[PDB]
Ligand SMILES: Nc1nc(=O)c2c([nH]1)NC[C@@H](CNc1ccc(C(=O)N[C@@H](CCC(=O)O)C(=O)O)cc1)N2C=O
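In the block that follows, a single chain appears as structure tokens, in the form deposited without the named molecule.
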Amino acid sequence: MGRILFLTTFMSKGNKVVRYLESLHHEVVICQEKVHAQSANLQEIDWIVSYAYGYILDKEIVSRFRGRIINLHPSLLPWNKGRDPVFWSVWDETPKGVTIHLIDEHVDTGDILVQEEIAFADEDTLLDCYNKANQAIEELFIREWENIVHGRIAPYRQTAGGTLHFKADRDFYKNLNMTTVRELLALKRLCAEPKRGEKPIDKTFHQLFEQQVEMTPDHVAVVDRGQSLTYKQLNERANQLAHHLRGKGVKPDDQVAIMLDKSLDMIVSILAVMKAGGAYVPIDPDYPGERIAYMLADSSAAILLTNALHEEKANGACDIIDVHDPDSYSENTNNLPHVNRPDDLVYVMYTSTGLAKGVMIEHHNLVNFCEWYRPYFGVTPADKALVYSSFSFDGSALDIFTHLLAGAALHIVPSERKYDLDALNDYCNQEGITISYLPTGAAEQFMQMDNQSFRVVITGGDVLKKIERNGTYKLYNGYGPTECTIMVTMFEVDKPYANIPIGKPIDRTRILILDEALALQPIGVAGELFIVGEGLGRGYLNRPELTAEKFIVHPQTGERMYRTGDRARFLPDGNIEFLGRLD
């Protein structure tokens, strides 16, 4: 009756479509390559029927066969034009269906001939959906072919709108072919881009702190032994030192070294550097003199805040400001004119397998963590927290910065009870300490101590393993590198686990579990843990090449991501599970 040209690249040679047409006594020429006008495949052809044909017909051919080029596209056009339609129908959660339509001079925009809705089960695999879709459209073609031949169908233009996808848009999702609709949509909710509406963080830390001072000015801010400062007292003293700092030339993104033991002078010095404009570089004086000399060298710090006691450990490296010389403090107690942006440096902390690298953290990094910490743990001015961790580690940033913006009171931990945790337990029961973060090592020990003051304890760092504790406080396990600011995930330990999970992401952060090719892994599959979002800092100071290696631009998405080097996987309940290092 007529010679039909069947164009396809993915479909086999014996589809129900081809065999049905042959049963109607049509010679079906099958071709799986791009063709031109001269092609012997176009000689004495009556109808062209395309079905998953991965090439574009020349405009010369579309005109000669106008009204005689039929296409089988397993989507509900205009939804999911282009490649991998069924997959994007599930992922983008569009209306699902199959369409037989005419061919325009563009991609799958020609007028429709016939169309019908299809349904995918929540348990079908995307391969199952691919097969159910192709079967449905093939049966439809067989049903409606006679109406198409005799030209009795009235073609209607496609609804406005839709979506379009190209061949490479699925590269990032290449490992998801055998996942279930359920499993796939869950992966979307966990790893999909942020929804519209969000705005950039617009506050620095000392902005939010100066705010908290005006709301609880007479509340206790920090306590060391018998002495204490209020928020107003702390703020005014920090201002007095900040004025002197900015006078000696401190400016945004400038580094200012602080070498002090835990004390009131430390909190004053930290806030003073911030309020002055710069970022503080903490140096624990108990470090070997070699690391100290190196930290001052790598850091561009021209100024060092320190005692007369530790003054000499610097060997005249920088202009020293004695925190005990009344000349280092101005008369002015007012808050300084703001000159900082959320993307300015707030602090620089080092980590060391090789040399120590200066991790740069910006205000917006710190602000995000604190603003998540307050409501997550329900912190209120009624609370009291320990300043336990060394102020050269990011754990101190948790102790100091989070609780200061909640209006709580900080309690300095001196040397005598840093390691003696039974004596520390007594201090907590006396002063009524309510919340604090202890590294995994020290947290496991405190479980043996009989405690009644704590309401929350947070741990992280090494692998948590012990859980049984005497007190009646909630235990929280968290995880995160100093490169992405303190922590990025948090778990409330409720029951014992052989492998305690590290929890779900905090505000404005996502965690992606990728393969070696940086492609998504289905939920439950192990892979390298990548961090994305507000937590990511600026990178390593004076290590641009190393920064590029660890702070990557993703090949497909193009989002900035941090390569942790850690092995993990998502559990069915959304909590992340640590699975050791990669090497």
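The first residue of the shown sequence is 1; numbering continues from there.
As for the form solved in complex with the named molecule, it is not shown, yet the points below apply to it.
The named molecule isn't shown here, but in the entry with it bound which of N368, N71, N335, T434 has a heavy atom within 4.5 Å of it?
Exactly one listed residue reaches within 4.5 Å, namely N71.
Give me the residue from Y540, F530, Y53, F65 that has a heavy atom within 4.5 Å of the named molecule in the entry with it bound.
If I apply the 4.5 Å criterion carefully, the residue I get is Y53.
Looking at 107-115, 134-142, 264-272, 198-206, which stretch has residues with any non-hydrogen atom within 4.5 Å of the named molecule in the entry with it bound?
Stretch with heavy atoms near the partner: 107-115.
In the entry with it bound, is there a heavy atom of the named molecule that lies within 4.5 Å of any heavy atom of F166, even though the partner is absent here?
Result yes; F166 sits at the interface with the named molecule in the entry with it bound.
Would you classify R83 as touching the named molecule in the entry with it bound, given a 4.5 Å non-hydrogen atom cut-off?
Output for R83 is yes: heavy atoms within 4.5 Å of the named molecule.
According to a 4.5 angstroms non-hydrogen atom cut-off, is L57 in contact with the named molecule in the entry with it bound?
Within the cut-off, so yes.
Does the named molecule come within 4.5 Å of any heavy atom of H101 in the entry with it bound?
Residue-level check for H101: yes, a contact with the named molecule.
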